Structures are given as C-alpha cells and as structure tokens.
Amino acid sequence: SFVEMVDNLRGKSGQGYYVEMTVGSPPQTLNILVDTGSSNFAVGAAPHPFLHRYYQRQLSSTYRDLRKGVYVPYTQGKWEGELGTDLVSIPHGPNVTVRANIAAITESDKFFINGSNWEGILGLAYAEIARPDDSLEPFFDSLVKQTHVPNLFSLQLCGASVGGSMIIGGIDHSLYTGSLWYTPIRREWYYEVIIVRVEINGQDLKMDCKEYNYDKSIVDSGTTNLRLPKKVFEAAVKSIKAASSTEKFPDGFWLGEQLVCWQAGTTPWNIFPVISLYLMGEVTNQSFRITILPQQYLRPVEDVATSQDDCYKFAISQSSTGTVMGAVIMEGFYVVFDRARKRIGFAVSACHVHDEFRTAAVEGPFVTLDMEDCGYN
Ligand SMILES: COCc1cc2cc(c1)C(=O)N[C@H]([C@H](O)CNC1(c3cccc(C(C)C)c3)CC1)Cc1cccc(c1)OCCCCN2
C-alpha cells in the first residue's frame, strides 16, 4: 500500500522537504519538515511572521500538557516551547493515528523560514539526541510502538519547486533502479555511518580515513549541503579547484557566499569532478560507493540580477562537527533508513540527477581493508 505515500513530499529549493500531518482532535493540518538529523517533533504553536498557521492546543480535545519546558538548538536556529502529547496522523502516510510527544513552539530564533511553507519539524533520528533528554520518545518510535508499521522508512528526495517521497514502514521498489547497498548504522543517535574512502574524479584523497569521520559522519535530510571536516573540506576544495582551473571564480564562491553564473545553458558541468564516497558495507572487508555529480553540489539559485542566467552556489561546506551527508547528497538516491536491521540503504533514485556524459551511481562490492579503523573514537 506504499503507492499512497509516493510523492507525499514537497518543498522550496534549499528550504527543506516537508510532509503533511494532522495533530489534535479535530485534526489540525500542518506541513512538517522531514529531518533525519534530529529527534524532536515540534510545531509552531504561537503566531509568527513566517507562519501562515500553527498548532492551537486549546482547540484540541485530545491535547495533554506535560507541564515541562524544552528547547532545541540546531546548527544556527533554535526554538523553545512546552511539551505535551496529542494524536497525530499522516494523511499521505500509513492509515494510523498515534499519540506522540509534541513540542509546542512558543518562541524561536532563525528557525522558521520565510516562504518555506512548513510550520513544524519531524525529527526522525533516535532518542539519544532528543531534548530535553532521551526519555522523550521520538515520533517514529511512538509510531512503531503503537501500530503495526514496520520499523523503517525510506526517503526519495528529488531536486528541482521540489518534491519527493517518504515511504513510512517500507521500501517502494518503483522508486529506485539497480540494487540497494547497505551501510551499518554505527550507533543509534544520529544516523551515523562510516565513510571509508573518498575519491574525486577517480583519484583517492588518500587521507587517514578517520579524518572522513571526525568526529562523526551522519545522513541528515534536514541539512542542505554536504558538510566536510575542515581537513577533508580543504583537500576536497583544492582538488575541485584544480579540476575546474580553466575557469576562475570568486574565492567567496568556494566559501558558499558568492554564486557564480553562466549564460543560460552554457554551464561547464564537465570541468567539475564527480565525488565518490565509499561507505562501510555489510560483510567483512566490503564497502560500496555512491558517486555525486557536480549538479548535486552546485546548487541552483535564482539570479537576483535582471539577467535570467544560470547561477549556482557551492553546496559543500566546512564543518567542525563531522561529515554531514545533507539533502543535496541524498537527492537522486533512494535512501532506506532500515532501523530494524540497523542499516542504511542507498540506490540510484528513479528521479536521478542528469548529466550529459556522467551518471550518479551506487556501486559495489569493493574490498576495503581495516574499515573499523575509519571510525573515530
Ligand atoms: C551549513 O549549515 C547551516 C544549516 C543549513 C541547513 C540546515 C541546518 C543548518 C540545520 O540546522 N538543520 C536542522 C538539522 O536537525 C541539523 N542536524 C544536525 C544537528 C546540529 C546541531 C544540533 C542537533 C540536535 C538538535 C540533535 C542536530 C546534525 C547536524 C533542521 C532544521 C532546523 C531549522 C531550519 C531548517 C532545518 O531548515 C531547512 C532548510 C535549510 C537546510 N539547511
């Protein structure tokens, strides 16, 4: 019955993917950001300049106050609110209703986005990183406890404004081609994985693989960019600069500030390298790779100038908190969060990114010795 969940995601480019949900009795409809990089379910519950609607607890007969406060600081944004529970449904999801923890957001700073069309956030990661602490059961845990929905979901994020599918409780085979390749979830807090090798246009970065996972590597639909640890970021930029040296860019471009433009249709895709991330596989000394095209890490931005050219932002960012495989990485892949078997699967998406002479890929098996040494402790 997964067909009902196909294409249940929408969004604006760079503003996040959201799914429709209802909370409370009678049902109040809200668009909820899909975020595998956090674990709190929270909704606007008070007026805000950027909210068109919000959760009204007084109007719901099934609402319960937990009489406790909560706040959540993300990378830049944060909100605080009051904890409670209420009945929750996903119209284009499984036909069930669950009583879930809900943070009613009463104050926020740089959290809600003007024009994003979502009013809440669904943290899909594990209780370990839930606020105020891991005793606050995350939504998906509640879903799995209270219903017969299997303990897994899959995300097909399609580029561009944007659309996609969140298949709750299973895998929909019409959404990907080729084989699914699985990498272990290293620890159940973030969806943490281990990167064991990195190549750019087929050339190994040849760093200590611990550098790739310092201090962690995670899959995060709630973050746009590929974010890389400082040392890896520098090596990667150096290699990508070298490959594209035929053209010149502002150095603020490599920092993600200045967008670069070309005459509509003349974007020199060919001079930007493919990036291959090798992930630890399911059997001994085995890994597989996903290959990212420049169309994924050069994100299209509307030109502020009167010219309708093709302008792009460099969507690879330096991190101090580990590798983040963000939405631009997940796009064009079908990603299976198989919580039941503690693994994440990757396959080429049906809505894969197009290049003239190149193709995003998930390929294996590869042999990689000493993969356990790649994990940072
Ligand atoms: C370049 O970095 C800036 C940046 C860009 C983006 C998102 C975040 C940060 C963002 O903060 N993302 C968090 C996710 O939950 C973040 N997930 C992580 C995180 C980081 C700090 C603290 C927590 C805890 C709440 C567990 C989790 C693991 C990285 C979710 C989020 C919160 C608020 C607005 C959002 C998304 O907008 C969606 C569209 C913008 C996507 N780009």
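Draft legend 1. How the structure looks around the pattern of salt bridges. Applying the stated criterion across every chain yields a total of 13 salt bridges. In this structure, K231 and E211 form a salt bridge, with 3.9 Å as the shortest nitrogen-oxygen distance. Of this pair, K231 sits in helix 2 (residues 230–243) while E211 is found in the loop between strand 14 (203–204) and strand 15 (217–219), placing the two residues 20 residues apart along the sequence. According to the relative accessible area criterion, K231 is exposed, its value standing at 51%. Among the ionic pairs, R343 bridges to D338, the shortest N-O distance being 2.9 Å. Judged on exposure class, the residue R343 and its partner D338 are both buried. One salt-bridge network, held together by shared partners, links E199, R289 and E363.

Draft legend 2. Region of interest: the pairing of strand 24 (residues 333–338). The buried fraction of strand 24 amounts to six of the six residues, a majority that puts the element mostly inside the structure. Where burial is concerned, the two faces of strand 24 agree: the one with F333, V335 and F337 and the one with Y334, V336 and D338 are both buried. Where strand 9 (residues 153–158) lies against strand 24, four bridges are found, and the strand directions are antiparallel. Residue pairing across strands places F153 opposite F337, the latter belonging to strand 24.

Reading the values: rules and limits
- As a convention, residue numbering begins from 1 on each chain and follows the written sequence, not necessarily the numbering found in the entry; residues with no coordinates do not appear.
- Side-chain numbers come from the whole structure's heavy atoms, not from hydrogens or water.
- The term salt bridge refers to a pairing of a side-chain nitrogen on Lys or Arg with a carboxyl oxygen on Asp or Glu at a separation within 4 Å.
- Helical segments are the DSSP runs of H or I of at least four residues, strand segments are the runs of E of at least two, and each set is numbered from the N terminus.
- Note on exposure labels: buried denotes an accessible area under 20% of the residue type's maximum, exposed denotes more than 50%, and partly exposed covers the range between, all computed with a 1.4 Å probe on protein chains only.
- When DSSP finds at least two bridges between two strands, those strands are taken to pair.

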